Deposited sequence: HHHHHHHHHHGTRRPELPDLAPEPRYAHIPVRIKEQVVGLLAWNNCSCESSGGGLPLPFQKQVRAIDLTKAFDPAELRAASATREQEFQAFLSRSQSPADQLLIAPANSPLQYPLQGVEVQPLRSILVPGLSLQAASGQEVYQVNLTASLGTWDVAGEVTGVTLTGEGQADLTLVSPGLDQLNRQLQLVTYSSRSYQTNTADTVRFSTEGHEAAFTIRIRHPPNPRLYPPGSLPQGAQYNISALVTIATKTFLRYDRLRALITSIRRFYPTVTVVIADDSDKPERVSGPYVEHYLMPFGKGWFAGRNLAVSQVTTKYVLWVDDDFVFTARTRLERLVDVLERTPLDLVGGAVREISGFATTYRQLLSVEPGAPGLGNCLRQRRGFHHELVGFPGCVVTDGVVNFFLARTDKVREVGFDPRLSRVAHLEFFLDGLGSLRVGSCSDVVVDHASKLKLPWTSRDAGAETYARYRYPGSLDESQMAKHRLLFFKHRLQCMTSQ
């Protein structure tokens, strides 16, 4: 979409391309390619590409691409605002005006700051026009010697023989929003003879501040532990026992889609029963919907708390930083502990094909002031998070079987993710077991995998992904 074309005005000018800088720009032509096959080499990491288009019959793919384009166009039309338009500030204009940072509530009024005409003195008359589209102009006070035409209308003229009078009058100009919209903007025109300025007034409500009473840290007040279980009651009970060993009154919310659910009860345990096999992320979404505390801790039902599960440290990070989610480390019985720090980026692909997802191990930078903590895009499913941010992102209930990074991908950009290596939880090593493994370990060409590829293709407008 960049042409870097020499316009005819400057086509006489020589330019030598910077090969290195032009490579940094988005060329909307991404693809996903695997590492070669064969035995791996010590300092090479094997990259695997998935073509998501292969999850569809050619007829399915064409229909899906069309519908996905239609739905995306619909989305853009509901999202995009005059505030997103490219405006260029004119040079050598006598018009002084607010460039950004001017906002009014729907159906409310403000004084518009910083309006003035820096014309030269000595003209016979000075005139300025204000034009709006979603509001109307008026003045907080009439300046003696200034003539106003259009008070309470979308177009306002100010005319004055005195320049100082005109400028004083502009300090008193008000904008009022006149029709109700939830979150939009009005691109105003401010003008004088032979000069024109566009600027934008944002028309929106202030955000819901969602403040939590705080009640060092009362963990029971700040934190709810959320989990999802299925046919693994032994693991679940060991988890609850281990939690209570360190945190006796912290509420544990358990979503459960077992066919024949056992009773789980005890002080500060909330058990939710779901239709059999409704699924994984559905149950995670259920569990988080019931959290009343500022923070939620995700734990799997196969976890065990130890003296290393110091939740206070995770709380500390979220209390002291702008992070929304902070992951801990999960230690296998083999002694290895993983923070599963992942980077996720989407790269622009060809128009209509969709974009490319890159997943790779790693993090962005260290978290200043917090040794052993980093900022990254995704973590292991042991994490403390602001409940509201987790619910704003959501665990898509369609992800019924096997999913992990799909949450961090849904939250990408929306969610400020960190990862601390020093808060550590252990991971634990009949009819029920064969059944559990049948749901948890399907074929890789199973309808589950295909469905998830089609879903990720559609939902996030991807064509392909690379895993590394």
Original post:
For this chain, which runs of the deposited sequence have no C-alpha coordinates, given in order from the N-terminus?
Top reply: 1 to 16, 232 to 237, 452 to 460
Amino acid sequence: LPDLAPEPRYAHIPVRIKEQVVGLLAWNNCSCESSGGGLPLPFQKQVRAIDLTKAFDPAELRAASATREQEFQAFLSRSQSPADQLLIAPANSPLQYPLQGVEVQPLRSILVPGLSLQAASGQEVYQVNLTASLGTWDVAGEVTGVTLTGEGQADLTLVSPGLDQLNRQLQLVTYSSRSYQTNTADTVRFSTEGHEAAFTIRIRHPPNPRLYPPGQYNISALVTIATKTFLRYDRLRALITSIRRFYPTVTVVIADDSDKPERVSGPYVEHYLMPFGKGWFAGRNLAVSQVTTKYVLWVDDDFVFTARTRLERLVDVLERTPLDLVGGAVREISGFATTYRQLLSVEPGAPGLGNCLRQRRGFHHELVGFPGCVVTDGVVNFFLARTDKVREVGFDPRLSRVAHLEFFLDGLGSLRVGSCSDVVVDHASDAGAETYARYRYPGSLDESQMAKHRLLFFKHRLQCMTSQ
From here on, numbers count along this sequence of modelled residues.
Subject >> Stretch exceeding the other in mean C-alpha B-factor - 172 to 180, 292 to 300 >> reply: 172 to 180
Subject >> Higher-B stretch (mean Cα B-factor, as the entry records it), 369 to 377 or 120 to 128 >> reply: 120 to 128
Original post:
Which of these has the highest Cα B-factor in the record: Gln73, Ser242, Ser258, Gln165?
Top reply: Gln165
Subject >> Candidate set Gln46, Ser65, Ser421, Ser400 [ranked by C-alpha B-factor, highest] >> reply: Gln46
Original post:
Taking the entry's C-alpha B-factors for this chain, is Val417 in the lowest, middle or highest third?
Top reply: lowest
Original post:
How does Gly277 rank on Cα B-factor within its chain, lowest, middle or highest third?
Top reply: lowest
Original post:
When the modelled residues of the chain are sorted by Cα temperature factor, does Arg438 land in the lowest, middle or highest third?
Top reply: highest
Original post:
Can you tell me which third, lowest, middle or highest, the CA B-factor of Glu142 falls into for its chain?
Top reply: highest
Original post:
Where does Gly354 sit by CA temperature factor within its chain: lowest, middle or highest third?
Top reply: middle
